[PDB]
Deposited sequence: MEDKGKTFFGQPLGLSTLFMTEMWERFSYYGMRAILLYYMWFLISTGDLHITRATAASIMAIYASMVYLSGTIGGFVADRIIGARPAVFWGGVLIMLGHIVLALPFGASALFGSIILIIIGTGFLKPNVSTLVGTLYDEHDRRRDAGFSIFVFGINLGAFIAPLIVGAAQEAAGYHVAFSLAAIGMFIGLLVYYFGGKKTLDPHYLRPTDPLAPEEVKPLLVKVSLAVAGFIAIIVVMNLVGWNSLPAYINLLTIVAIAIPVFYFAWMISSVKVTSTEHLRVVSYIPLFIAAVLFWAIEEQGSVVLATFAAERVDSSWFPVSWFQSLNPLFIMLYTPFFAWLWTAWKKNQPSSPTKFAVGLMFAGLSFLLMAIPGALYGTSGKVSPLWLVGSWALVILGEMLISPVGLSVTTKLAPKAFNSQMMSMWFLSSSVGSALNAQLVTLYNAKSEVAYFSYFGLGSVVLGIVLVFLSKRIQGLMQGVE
């Protein structure tokens, strides 16, 4: 019968929904840093470029952190299908805000809308993909990989289209194209979903029992009052600059996994089978930090150290999803052409971190060889993204499987690694380039070597 690459036809609806949301997301992040540079250059935004780079990292950290709770809100309160829709509406409003004739005053409102909207949408679109298959259907893994291909496709064409529009018609038009991309996703999702999506998911599947409402409200109210209390204390003692608020979000983002690990210890049955995952969680954090610096540090390098006079420099951001799409069929082959081998997940995470470290070590070569005052070939960045995505092909598909032996924890390692970036990327500039690349690249390599050592002990 009529299928979508052998899958239920409803997959095409969710395929396009996420392809256009990712288009709106990565099209925005391909030019947002340069947009802040521009506002700084005109005197409208009064921050350093180091702070702007820090804003990009904590922005990503909050988006992934917001995705850790969006599944709960849909499953218990509003439903998975309304969560995707209203999440898409909030994302669209987030980009419209940047298309309005405002300046730096609109940056915070746009960031908040997209953080909340992406938290509602991203975890619950993947959830809706699963609802196309029951628990016995073997097509589940094939349908998700096709779904992932739509993710990378939108992430691939967005910097090309949006980056070109910025260079031709300016930032406001470019951001409006991101808003239009999400709008297209809303049209296809709304009318397409009504035809093929199970109406059971218009409502929460585990709605709150009557006695559960109050303790949740107490739990939410205590968290907001405490967070607001901290901001009050900060302004009393003088810690009220934008870097101080970024440091607050950094501490909050890192304190979540460490508190969820400190009292997770207190049953020797898996007392140490949970300590097992910690050398792997720290490995995932450091890999995601390197990977998410491509839109910050490597975006800075592309704009300042690469002779890219004949094409928009935001196009470099397409190399990340391009290498993902090129690598995946080879690794799908490898993970079943090598049935006999299938090396251990702790070794996969160890080697994956070493490739990420090799991507930065490679970036230290041109500055050490030619100096940092000139311009170098774009192929240096191509080789860097080739190496780091090779590290992703190891840790990303096996990643959720290690901790199970929830994607929120893998939303979480991305948030912590991106929160770590909010501190580190302020260290990057033309004078620190070689030392920044060489030492964070070397440190990432040796931490992949100690993990290979520890890998024998971890498997138990």
Comparing deposited sequence to modelled residues, the uncovered ranges are 1-4, 271-274, 414-422, 478-483
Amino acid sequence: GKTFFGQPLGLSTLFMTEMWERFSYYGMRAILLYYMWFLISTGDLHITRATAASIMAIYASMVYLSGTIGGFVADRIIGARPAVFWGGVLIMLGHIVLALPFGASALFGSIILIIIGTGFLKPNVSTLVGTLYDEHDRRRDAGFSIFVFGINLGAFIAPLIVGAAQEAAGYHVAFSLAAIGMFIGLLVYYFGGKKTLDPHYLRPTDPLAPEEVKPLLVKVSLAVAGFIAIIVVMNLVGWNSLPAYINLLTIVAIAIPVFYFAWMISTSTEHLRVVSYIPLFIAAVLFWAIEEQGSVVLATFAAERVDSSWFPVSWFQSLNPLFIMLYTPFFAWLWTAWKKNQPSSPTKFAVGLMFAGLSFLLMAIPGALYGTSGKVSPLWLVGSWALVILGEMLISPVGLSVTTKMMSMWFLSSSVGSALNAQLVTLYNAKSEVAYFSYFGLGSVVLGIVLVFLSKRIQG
From here on, numbers count along this sequence of modelled residues.
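If you superpose the two forms and keep the largest set of C-alpha atoms that fall within 1.5 Å, you have the rigid core.
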Superposing the other structures by the rigid core, the farther-displaced stretch by RMS over CA atoms in 8 other deposited structures of this protein, of 274-282 and 363-371, is 274-282
After superposing on the rigid core, the stretch whose C-alphas lie farther from this form in 8 other deposited structures of this protein, comparing 408-416 with 22-30, is 408-416
Open item on the list: Check this for me: in at least a third of the other entries compared, is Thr267 absent while its neighbours are modelled?
Closed with: yes
Quiz item: Do at least a third of the other compared PDB entries leave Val402 without coordinates?
Solution: yes
Of 134-142 vs 152-160, the stretch with the larger average CA B-factor in the entry is 134-142
For 333-341 versus 241-249, entry-based mean Cα B-factors point to 333-341
Top Cα B-factor in this entry, restricted to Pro82, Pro312, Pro204, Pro279, sits on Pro279
Based on the PDB entry, the highest CA temperature factor among the options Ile231, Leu128, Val296, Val173 is that of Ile231
So, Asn124's CA B-factor, relative to its chain, sits in which third? The lowest
Assert third(CA B-factor, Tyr64) within chain per record equals middle
Of the three thirds of the chain ranked by Cα temperature factor, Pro397 occupies the highest
Binned into thirds over the chain's modelled residues, the C-alpha B-factor of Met407 lands in the highest
Chain thirds by Cα B factor, record data; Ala430 belongs to the highest
